[PDB]
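# Summary of the model geometry
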Amino acid sequence: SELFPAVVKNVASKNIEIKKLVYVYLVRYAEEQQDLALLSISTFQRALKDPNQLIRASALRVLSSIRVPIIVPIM
Amino acid sequence: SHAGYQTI
Amino acid sequence: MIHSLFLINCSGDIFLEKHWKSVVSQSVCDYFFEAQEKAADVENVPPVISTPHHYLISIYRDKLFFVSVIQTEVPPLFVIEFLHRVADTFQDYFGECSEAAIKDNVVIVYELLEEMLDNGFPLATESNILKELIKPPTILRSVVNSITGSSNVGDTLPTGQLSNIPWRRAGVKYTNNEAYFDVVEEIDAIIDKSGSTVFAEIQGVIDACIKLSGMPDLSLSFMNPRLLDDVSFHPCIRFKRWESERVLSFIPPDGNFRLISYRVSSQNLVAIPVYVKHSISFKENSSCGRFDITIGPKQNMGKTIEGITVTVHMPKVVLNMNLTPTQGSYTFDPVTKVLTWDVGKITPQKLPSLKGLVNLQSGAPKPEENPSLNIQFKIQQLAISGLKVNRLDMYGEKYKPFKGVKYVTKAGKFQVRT
Amino acid sequence: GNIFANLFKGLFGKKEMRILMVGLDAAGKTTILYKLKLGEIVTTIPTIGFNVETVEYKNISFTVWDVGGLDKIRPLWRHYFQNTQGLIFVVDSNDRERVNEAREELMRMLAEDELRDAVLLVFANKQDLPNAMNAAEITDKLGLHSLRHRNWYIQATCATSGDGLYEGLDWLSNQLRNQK
Ligand SMILES: Nc1nc2c(ncn2[C@@H]2O[C@H](COP(=O)(O)OP(=O)(O)OP(=O)(O)O)[C@@H](O)[C@H]2O)c(=O)[nH]1
Ligand SMILES: [Mg+2]
């Protein structure tokens, strides 16, 4: 969890392989680091508008898995 | 790999 | 459904930790460990264990325990089949579900689990789709990945996922068009002390390897379908045509594939290919006794019986054994009192046997029964049920693929009393 | 010795320049970034997390992080202070109402040791508004000439037209890509 603020910065990376790895990390610790997790929100929001539905779905899933009360309206 | 199989 | 998953080796160690709904404390595994300790064997550990706040559903397989954590009511078989399927998936990607395979491919298996289970609900479940979502760890591919930066994760939902044939991929071609069929039968039998047949039935299953280009429509029919009953069908099969035509029409999935399974009705006497002559003498409180077993052919249908193994679990009075085999190999484990005889195959010129004396515990009384016999064997080129395939036809494609089928019968639950 | 790999990059420009973009809500920060990245105006909603884009200009691979101006995440900017080189502060040229806040937060960042060595470039965005503050007025409201031991400059601009966005980079191409 101490790596959270360092990891989250790569949420916007273009390397899909990394993206998946990042999502895992976020799922594991976002509930605890609720403030830091907020940084990933826009990435998901943009991803949800992408023409690639596989990506949209992935974004949807990950977004929903973030257990932060702040983003309820968003979800 | 084809060896041993009955032609069908 | 599922809150979390722990992979536990029979040693009592935790190797793979997953969480989908929330983080579950590792201390929940103590309830399993307790149960494991109470049980005299890993096979006898209850598959369902209730704890103060969690329900533990688990599967023992290949020295691993798949222990899932569920906090609400979920149909046990739903969970069991699911977890079992996961282990099968690991076998598909890494040859077998083993702790070594897991620790050597942690990231990969971690990723596979994330695709298969979504917040406790089944997501990626069909092999061929999953194979495209995440490429199998081929060393050649990993080289390419280090060279080009290519991913193992795809970026396009496999077309088959949204097709009317979800069990398979689309646009797959082979230059070597072929299809292999494997009819495997198992003999389930209970033989008593006298050598009489107590109970017997035949369990069959037909697997196949499909390397056919495009979307061929296979049609499998039998010469004697009347012998099939209580047949299971993979969903890809057009059941309706099975009923109205008695024909297995379907467009199969790529690669390794199980098609159907069936039972042979008890109305027909199940031929028993092996008979056993036996005698074990236990004098009460004696320092030794006698052991004599002979394995021979019976209803072998003129075929060779091979790959024969005899396993016996001896009573605590047995300390060791003085046996001489006629072939294969005699061994005995004095720690767990297990007698194992590698028989090999039967040649009619002289039937195999294992004979000698038994080293017993002096002062310890003779057992009330002799241990039952667990015997393995295989006969190639033989479907003991007599099941024979009539035709294998293909529609929709133009090539003329290699068509091949095998018939083989192996020991099923074959046990003999004594 | 064999330093070609670096010489190779030098043949086309190895220069990068890590730049953090900060400011308050509705300043036009995102708009700016994407006009520089893409050139076109992309329909959007308020930034909640952060974005990041890389733009090559004058053989410099400028990378900019768009960390939202939302107060709910504002303090998280500290995690982006480490290892930056340039600092973009975007100013809404007619937002007199929150200008004290803008200045204050700017000063808070200016007091940051991780940013101590950073170069400050201020963008007086929305130059095209009829009631926009001019550079002088903005400068005065920010009190930029009171700055000491700090490399700074203000540049007026209009992201809608791209008026001087390149110029901003031009200044940075001499200040971030300075003599060393
Ligand atoms: N009139 C005018 N509007 C502008 C200009 N630049 C940006 N805007 C508008 O200002 C609004 C806010 O722009 P954004 O880029 O979303 O602002 P931001 O700084 O990214 O805001 P946060 O994401 O909350 O940090 C949008 O409606 C833009 O179109 C400009 O130069 N002139
Ligand atoms: Mg923004």
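Residues numbered from 1 in each chain as written, not as in the entry; some residues may be left out. Chains lettered and ligands numbered in written order. Part of a larger assembly, values for the part shown. Heavy atoms only, no water.

### Remarks on the arrangement of the chains
Note the following rule: Contact criterion: two residues are considered in contact whenever any of their non-hydrogen atoms come within 4.5 Å of each other.
The structure contains three pairs of chains in contact, of which chains A and D account for the largest number of contacts. A gap remains between chain B and chain D, with no contact made and the closest C-alpha atoms lying 49 Å from each other.

### Side note on the sheet that holds strand β10 (residues 217-222) of chain C
Whether parallel or antiparallel, the strands of a sheet pair through hydrogen bonds between backbone atoms. Residues and elements named next belong to chain C. The following threshold applies: DSSP-based pairing: two strands are paired if at least 2 bridges between them are found. Starting at the N terminus, helices and strands are each numbered in turn, a helix being any DSSP run of H or I of at least four residues and a strand any DSSP run of E of at least two. Between the N-to-C directions of two axes lies an angle of 0 to 180 degrees, each axis being a line fitted to C-alpha atoms and, for a helix, fitted only over the stretch in contact.
Within the open sheet, the three strands sit side by side as β12-β10-β22. Their pairing is antiparallel. Of all strands in the sheet, those bounded by a partner on one side alone are β12 (248-250) and β22 (389-395). Recorded for the sheet is a direction-independent mean angle of 10° between the axes of neighbouring strands. The pairing of β10 with β12 spans three bridges and is classified as antiparallel. Each bridged residue has a counterpart across the sheet, and for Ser-219 the counterpart in β12 is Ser-249.

### Focus: the site of ligand 1
Residue and element names in this part refer to chain D. To keep things clear, this is the line we draw: In this text, near means that some heavy atom of the residue lies within 4 Å of the molecule or strand in question. We define a polar contact as two N or O atoms separated by no more than 3.5 Å, with the added condition that, inside protein, one atom must be a possible hydrogen donor and the other a possible acceptor, whereas residues neighbouring each other in sequence contribute only through side-chain atom pairs. The Shrake-Rupley method, run with a 1.4 Å probe, gives the accessible areas here. Residue values count only the displayed protein chains as cover. We call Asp, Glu, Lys and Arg charged. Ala, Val, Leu, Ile, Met, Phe, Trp, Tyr, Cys and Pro are nonpolar, and the rest, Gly among them, are polar.
With respect to spatial proximity, 18 residues lie near ligand 1, and among them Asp-25, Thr-30, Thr-31, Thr-47 and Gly-69 are the closest. The contact in question runs from an oxygen atom of ligand 1 to an N or O atom on the side chain of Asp-25, over 2.6 Å. In this structure, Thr-47 approaches ligand 1 through a side-chain N or O atom, which is 2.8 Å from an oxygen atom. Taking 660 Å² as the accessible area of ligand 1 by itself, protein coverage stands at 76%. In terms of residue count, helix α2 (residues 29-37) provides more of the shell around ligand 1 than any other element does, three residues in total. Partitioned by chemical class, the residues of the shell around ligand 1 number six nonpolar, eight polar and four charged.

### Considerations on the pairing of strand β5 (residues 64-70) of chain C
Residues and elements named next belong to chain C. Let me state the cut-off plainly: Note on classification: 1.4 Å probe, protein chains only; a residue is buried when its accessible area is under 20% of the maximum for its type, exposed when over 50%, partly exposed between these limits.
Burial analysis of β5 places seven of its seven residues in the buried class, which makes it a mostly covered element. The two faces of β5 match: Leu-64, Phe-66, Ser-68 and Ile-70 on one face and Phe-65, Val-67 and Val-69 on the other face are all buried. Note that strand β1 (residues 4-9) and β5 share six bridges and pair antiparallel. The residue of β5 that forms the bridge with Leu-7 is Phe-66. Bridge analysis of strand β4 (residues 55-61) against β5 gives seven bridges, and the strand direction is antiparallel. Residue pairing across strands places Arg-61 opposite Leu-64, the latter belonging to β5. Between β4 and β5, which pair antiparallel in sequence order, lie two residues; one of them, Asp-62, sits at a positive phi of approximately 50°.

### Re helix α5 (residues 53-65) of chain A
One turn of an α-helix holds 3.6 residues; hence residues three or four places apart share an orientation. Residues and elements named next belong to chain A. Test applied: An expected span of 1.5 Å times one less than the residue number is assigned to each helix. Within this analysis, the arc is defined by the directions that extend from the helix axis to the C-beta atoms.
Compared with an ideal rise of 1.5 Å per residue, which puts 13 residues at 18 Å, α5 spans 18 Å between its outermost C-alpha atoms and is within 8% of the ideal. Among the residues of α5, those classed as buried are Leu-54, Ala-59, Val-62, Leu-63 and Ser-65. When α5 is viewed along its axis, its buried side chains cluster within an angular range of 160° and face the same direction. On its buried side, α5 packs onto α2 (16-29) and α4 (41-47). For α5, the side-chain oxygen to backbone nitrogen distance between the N-cap and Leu-54 is 2.7 Å, and the N-cap itself is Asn-52.

### Re the coordination of the magnesium ion (ligand 2)
Residues and elements named next belong to chain D. Selection rule: Water is not part of the atom set, so a site may look incomplete; the donors themselves are N, O and S atoms within 2.8 Å of the metal, or 3.2 Å for Na, K and Ca.
Protein coordination of the magnesium ion (ligand 2) is provided by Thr-30 (OG1) and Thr-47 (OG1), with donor distances spanning 2.0 to 2.1 Å. With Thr-30 in helix α2 and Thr-47 in the loop between α2 and β2 (50-57), this pair connects stretches of sequence that are 17 residues apart. For the pair shown, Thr-30 and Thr-47 are each scored as buried.

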